[PDB]
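Only one structure is covered here, and it is reproduced in the block below.
Protein chains in written order, with the deposited numbering: chain A, 4 to 252, 270 to 305; chain J, 242 to 279, 285 to 466.
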């Protein structure tokens with residue numbers, strides 16, 4: 004409560020980056036705190052309670068990312084010989100975690116952009132913060148293609164992708180939300196950002212995903228998804244009722277069925293819809 | 242009746258003595274016709295490959311059409327057997343190739359059987375099929391090419407609607423030069439606007455045979 008105002012300052016002081024990374028930046032900058040002078044209660048229970056307080060938003064990525072950097076501090080914040088440099092001075096490992104998953108956007112931009120086939124148009128979903136940089140690195144390497152955006156309509160959000168893209172002279176056309184079945188034959192392959200990736204291999208994202216995937220299966224066309232290291236989770240859906248209700252909110273975010281996707285990208289690298297499981301089990305030993 | 246003569250003579254230096262014999266022999270034609278007066287010859291037909299030559303320009307255009315739709319594999323110009331990075335082009339759909347510093351234009355469709363080299367700035371809305379653009383190229387807009395040849399250093403202005411050319415080093419050609427099949431341009435030609443040039447016109451620096459002088463090619 005007393006530092007969720009700084010999370011508000013981090014969400015609306017630099018609105019370029021993601022929400023979860025603003026939460027991680029918020030709390031790790033708070034680790035110059037009023038000195039609790041302990042390892043157990045401070046780290047475990049206090050950052051647990053801070054995950055409970057900052058999870059009051061309708062996000063799914065933020066709480067999972069908080070648990071994730073709790074696991075990325077559970078590595079070797081050791082019992083090293085004195086309470087002077089356990090973590091409250093030897094703090095730079097979470098700093099290098101922050102730096103690595105800051106440059107993770109750049110390494111996804113370096114990897115994925117050399118896959119887009121020139122000539123076949125690619126309809127994209129609403130504004131993510133990794134589709135923009137992969138298209139930036141693609142058009143930076145002198146391609147030719149077309150791109151459409153659906154609105155993803157609880158609110159108009161496709162034109163926000165238009166005001167994102169059109170600033171750098173790339174052709175685009177916004178298309179109706181329920182009418183992606185008409186445009187599905189026109190496109191040949193379909194990329195979509197993530198609010199988070201599930202252990203079964205499906206994605207969770209704002210609502211307009213699963214109908215894109217099932218029209219992709221009907222047109223037998225490759226469905227492509229993109230995510231970063233922040234957006235892993237431990238949830239398990241079978242049919243849609245079992246995403247958690249605080250992670251549901270007429271859904272404001274939504275799951276798509278796990279393996280009628282065709283290929284998936286992450287910061288660990290480009291991988292396969294069963295490799296998702298073992299490569300997240302690699303995290304949190 | 243179905244063969245064609247190409248000068249790939251395997252032979253031994255008995256042939257060397259057979260044209261120490263007739264000093265008036267000059268070519269392979271009177272060699273093989275001096276065989277037929279009586285020291286023996288075979289042919290060898292095959293069913294697999296493509297071997298021919300050119301001294302003309304016509305079957306040069308034919309063999310360049312044979313190279314790009316690849317009747318000469320294994321020998322393919324994208325393995326880049328000669329050694330530089332100035333020929334670095336890949337493959338794509340429809341046997342088309344794109345080199346380094348491509349810069350293809352918005353909506354500039356480029357459909358069948360072409361390549362492009364180094365420093366080939368391409369403008370928008372052009373349309374090119376069954377031809378070769380080489381390096382040192384700049385393109386306006388709506389610059390249609392068809393079975394043309396654009397060697398090193400060439401320029402062309404926008405709207406130059408040109409079919410079936412053969413064109414050489416560091417040449418310039420201005421707006422609305424409509425040009426017609428079976429002609430050639432060579433070695434720094436400059437042609438201005440509104441020339442709807444006819445069928446055949448050899449235009450190069452020599453007065454007595456080429457149909458310009460050491461100035462440009464519109465008028466003397």
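All residues carry an ideal CB built from backbone N, CA and C; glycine is no exception.
Original post:
Using the C-alpha atoms, what's the distance from residue 152(A) back to residue 49(A)?
Top reply: 42 Å
Original post:
Thinking C-alpha only, which one of 283(A), 270(A) and 231(A) is nearest residue 300(A)?
Top reply: The option with the nearest alpha carbon to residue 300(A) is 231(A).
Original post:
Taking a cut of 8 Å between CB atoms, which residues from the region 150-183 of chain A lie near chain J?
Top reply: So the close ones are 174.
Original post:
How is the beta strand (DSSP E) around residue 208(A) delimited, first residue to last?
Top reply: 206-208
Original post:
In the structure shown, what three-state DSSP assignment does residue 424(J) receive?
Top reply: If DSSP states are grouped into helix, strand and coil, residue 424(J) belongs with the strands.
**OP:** List the residues that DSSP assigns as beta-bridge partners of residue 226(A).
**Re:** Paired residue(s): 193(A).
Original post:
Using a beta-carbon distance below 8 Å, is residue 102(A) in contact with chain J?
Top reply: Cβ-Cβ to chain J under 8 Å: no for residue 102(A).
Original post:
Could you give the distance in angstroms between the alpha-carbon of residue 421(J) and the alpha-carbon of residue 164(A)?
Top reply: The alpha-carbon atoms of residue 421(J) and residue 164(A) are separated by roughly 40 Å.
Original post:
What residues in the region 434-466 of chain J bring their beta carbon closer than 8 Å to a beta carbon of chain A?
Top reply: none
Original post:
Does the beta-carbon of residue 117(A) have 16 or more other beta-carbons within 10 angstroms, so that it is buried, or is it exposed?
Top reply: With fewer than 16 Cβ atoms within 10 Å of its Cβ, residue 117(A) is classed as exposed.
Original post:
Fully enclosed by the region 114-193 of chain A, which beta strand (DSSP E) runs are 3 residues long or longer?
Top reply: 125-127, 150-153 and 176-178
Original post:
What are the residues of the region 105-116 of chain A that lie near chain J, defined by any Cβ-Cβ distance shorter than 7 Å?
Top reply: none
**OP:** Tell me whether the beta-carbon of residue 363(J) lies closer than 8 Å to the beta-carbon of residue 345(J).
**Re:** yes
Subject >> Assigned exposure category for residue 289(J) - 16 Cβ within 10 Å defines buried >> reply: That one is exposed.
Original post:
Out of 247(A), 168(A), 296(A) and 251(A), which has the shortest C-alpha to C-alpha gap to residue 279(A)?
Top reply: 296(A)
Original post:
On the premise that residue 133(A) lies in contact with residue 209(A), defined as a C-beta separation below 8 Å, what is that separation, rounded to the nearest angstrom?
Top reply: About 14 Å; that fails the 8 Å criterion.
Subject >> Per-residue burial, residue 303(J) [other beta carbons within 10 Å of its own, 16 or more giving buried] >> reply: exposed
**OP:** Name the two residues that bound the continuous beta strand (DSSP E) containing residue 358(J).
**Re:** If you look at residue 358(J), you'll find it in the beta strand (DSSP E) that goes 356-358.
Original post:
If you draw a straight line from the C-alpha of residue 96(A) to the C-alpha of residue 402(J), how long is it?
Top reply: 59 Å
Subject >> residue 10(A) - containing alpha helix (DSSP H), residue span >> reply: First-last of the alpha helix (DSSP H) with residue 10(A): 7-14.
Original post:
Whose C-beta lies closer than 6 Å to the C-beta of residue 462(J) among residues of the same chain, with five residues either side of it excluded?
Top reply: 436
**OP:** Say whether chain A places a C-beta atom closer than 8 Å to the C-beta of residue 350(J).
**Re:** yes
Subject >> Through-space distance from residue 174(A) to residue 283(A), alpha-carbon basis >> reply: Straight across, the Cα-Cα distance linking residue 283(A) with residue 174(A) is about 26 Å.
Original post:
Out of curiosity, what's the CA-to-CA distance linking residue 282(J) and residue 413(J)?
Top reply: Here chain J is numbered 279 followed immediately by 285, so the structure offers no position for residue 282(J).
Subject >> Bridge partners - residue 285(A), DSSP secondary structure assignment >> reply: The partner list for residue 285(A) (beta bridge, DSSP) reads 229(A).
**OP:** Sort out for me which residues DSSP pairs residue 383(J) with in a bridge.
**Re:** 366(J)
**OP:** Could you give the DSSP three-state label for residue 432(J): helix, strand or coil?
**Re:** coil
Original post:
Beta-carbon of residue 145(A) versus every beta-carbon of chain J: anything under 8 Å?
Top reply: Chain J, which has a Cβ nearer than 8 Å to the Cβ of residue 145(A), makes this yes.
Original post:
How is residue 235(A) classed by DSSP in three states: helix, strand or coil?
Top reply: Assigned with DSSP and collapsed to three states, residue 235(A) falls in strand.
**OP:** With DSSP as the reference, label residue 60(A) as helix, strand or coil.
**Re:** coil
Subject >> Rounded distance between the beta-carbons of residue 63(A) and residue 236(A), thought under 8 Å >> reply: 7 Å
**OP:** Measure the C-alpha to C-alpha separation of residue 46(A) and residue 35(A) and round it to an integer number of angstroms.
**Re:** Residue 46(A) and residue 35(A) have their C-alpha atoms some 13 Å from each other.
Subject >> Coil, strand or helix - residue 318(J) by DSSP >> reply: coil
Original post:
Going by C-alpha distance, which of 182(A), 31(A), 204(A) and 234(A) is nearest residue 214(A)?
Top reply: 182(A)
**OP:** Indicate whether the contact test is met: 3 or more Cβ pairs, each with one atom in the region 137-150 of chain A and one in the region 106-115 of chain A, closer than 8 Å.
**Re:** yes
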